[PDB]
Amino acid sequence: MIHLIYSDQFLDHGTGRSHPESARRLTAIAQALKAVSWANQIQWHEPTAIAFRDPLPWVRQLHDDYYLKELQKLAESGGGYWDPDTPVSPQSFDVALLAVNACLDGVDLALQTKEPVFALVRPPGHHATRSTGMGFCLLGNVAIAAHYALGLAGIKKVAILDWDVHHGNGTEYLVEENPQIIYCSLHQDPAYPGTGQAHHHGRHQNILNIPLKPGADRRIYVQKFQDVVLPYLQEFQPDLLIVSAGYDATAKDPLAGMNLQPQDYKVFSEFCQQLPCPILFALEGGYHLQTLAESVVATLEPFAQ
């Protein structure tokens, strides 16, 4: 059984006509997951409404009250642009709180069932910092979910693995100070947002940045996974793995310069299965629609058998 957490309200985060972070990204994925041979093994879940679980007691662990206030106020005044690349529609604050709630649900569900969970959310989260949204990101979904998980019985350690093509500067900033969390990122260098050097390990030796030259494909990523990533995660022995699952390191993705194929994410998930803990995937980037759908399918296929 594979758990998908999805609401059509995630489609209501409005980014504009030709913005690459589009609502269709979700439809494209959903259609593919419903078309696959093992579709009857997917259980769909609607995320907990924010009227029932207010996520702010966890959002506020990470983000400034001033930032939260200003974001909500931009949304409720009719929308706008937080920066040139990061639109906010009237629904966007509520939609981002629901995306947090979907990840919180995913933590709950992964812990309860020991089965994989994919939070099919917009907006993405891994660039959002304590005090501002950026790079299409409003709130730090995965870092917030990790902090939520640490409040739960049986979770004393969380590992985050970010395979979005871009460094998760927000995630890193938000979890670096926390000895209960480790963060591992594989990312293109040079690429947006110009952060993550390999020598930055945080004061807790809990940050492992793996920058890679443009043009990387399956071979170099698999080498890093077997030689660097899984030894690091395994020595820490986390009670939960949260994967920032972005799919923009693919050859066909328009925003970046790596050359992965959809089927490579199957290998990445197989590596992650070597860990004994449960796994929550949370959608980040990935912008070519067909490639993105095929890549989510590949990500979850190793769990179908």
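One-based numbering along the sequence shown.
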Stretch exceeding the other in mean C-alpha B-factor - 102 to 110, 198 to 206: 198 to 206
Mean temperature factor over C-alpha atoms, higher-scoring stretch between 293 to 301 and 11 to 19: 11 to 19
Residue of maximum C-alpha B factor among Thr129, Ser89, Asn141, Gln180, per deposited coordinates: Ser89
Residue with highest C-alpha B-factor in the PDB entry, from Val59, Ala249, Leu33, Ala245: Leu33
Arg122 CA temperature factor, ranked by third within the chain: lowest
Assigned third (lowest, middle, highest) for the C-alpha B factor of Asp264: lowest
Relative C-alpha B-factor of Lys156, binned into the chain's lowest, middle or highest third: middle
Position of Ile29 among the chain's modelled residues by C-alpha B-factor, lowest, middle or highest third: lowest
Among modelled residues of the same chain, the CA temperature factor third for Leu275: highest
